[PDB]
Every structure is written in structure tokens, then in C-alpha cells.
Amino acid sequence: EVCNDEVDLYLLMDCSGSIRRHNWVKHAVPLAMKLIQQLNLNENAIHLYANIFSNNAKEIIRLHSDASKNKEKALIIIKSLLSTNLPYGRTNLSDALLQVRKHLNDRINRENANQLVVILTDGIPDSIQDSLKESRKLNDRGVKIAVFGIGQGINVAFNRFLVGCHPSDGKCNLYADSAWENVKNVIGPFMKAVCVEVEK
């Protein structure tokens, strides 16, 4: 797998109404699945955490749980997102990022592990101010943030700012975007690039 190191990886998956149900089912859920396929989930390698966020953040995979460390178990849970009332609601990224910072506050994370947040989003946060404030607090605790933007509702400058890049210029290995139909072709190269940056 292209991601293979001691990393606590916090997947924050936008489930906002803008997505549309057909895209949630045909693209968003399969994209999260393929992303997880890029990870060596293992006690001594990657441990996954996952939440969804729209109105609020909701944990779906607990950090260090069996599904955190086992790809087949993680994929069952992600697939279970199909049998829900999702997608719906707004884009409370700051609450999603807050849940990550609560793990760090409470020392739930492996202190020895690289800390990586990966955001899948099709929009702009409802509060850029609070999202950037949370992101700074995470950065101060050593957390790297990556963003995979989808569709026409994103703001590239903001996503680039969030991950620590110049908003328009130069290579930004912690950022990629894609049209809805193409997400599964962009996610592999993205996760490869992200994991190279995390290891360096």
C-alpha cells in the first residue's frame, strides 16, 4: 500500500446535502473505500479514525478499535454509510477538526505516530475563521492536514491555505481535487503524495 508508516489517520468525510444522494452512493462512499484501500491498516502501521460531518461531526470508526487496524472491518463500516439518511445538511468542518483535537487533548492518539487529517469535501466550511483556528491548533500539535476537493462547490485557495500551501502557486502535495465522475482515478496518486509528505 502507498501509505505504510506509523500514522494515526483521521478521515473527515463531508456528508453535506450538496453532494446529492446519487453521488453519495456512486462516488463518495466508493471513494472513501478506495482511500482506505491505500492504507496499511495494522497495529504497527496505520490506525484509522473516521467521522462524517455536515451539521455536526459524527464518529463512525473509533481510533485504535478493531476497524481502525483492519481494512476489511473498516470497509464494512464505510459501506454501511449507504444504508442511512445521508447526505444532508451544511459543512461544519470546524466541528470535525475539533473532534480530532479532542483526541489529542485526551492523549488518545499514539504519541509516537505521525498525525494526519484527510478531509474529503465538496464545499467551503460554514466558518472559514473557526476552521482555520482549529487547523492552527492542530498544526501546533504536529498534525498535518490534507484535502481532497470534489466538484464545483469547493474553493481551491481556501483548501490550499488549510493544508499549508500558497493559495495558487507551486506544488501542493497535500491537496488534490476531482470532478465527481473521476474521484477514483485521483485518490491513489493523492494518497501516495500525501503519505510521501507525511514521511518527510
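All residue numbers refer to positions in the sequence shown, first residue = 1.
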Tell me which of 37-45 and 165-173 has the higher mean C-alpha B-factor in the deposited entry.
165-173
Taking the recorded C-alpha temperature factors, which stretch has the higher mean, 156-164 or 130-138?
130-138
If you check the C-alpha B-factor for each of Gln99, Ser83, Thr91, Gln115 in the entry, which is highest?
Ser83
Assigned third (lowest, middle, highest) for the C-alpha B factor of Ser178:
middle
The third of the chain into which the C-alpha temperature factor of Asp95 falls is the lowest
Select lowest, middle or highest to describe the third in which the CA B-factor of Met191 falls within its chain in this entry.
middle
Which third, lowest, middle or highest, does the CA B-factor of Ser16 fall in along this chain?
lowest
Grab the CA temperature factor for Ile76 from the record and place it in the lowest, middle or highest third of its chain.
highest
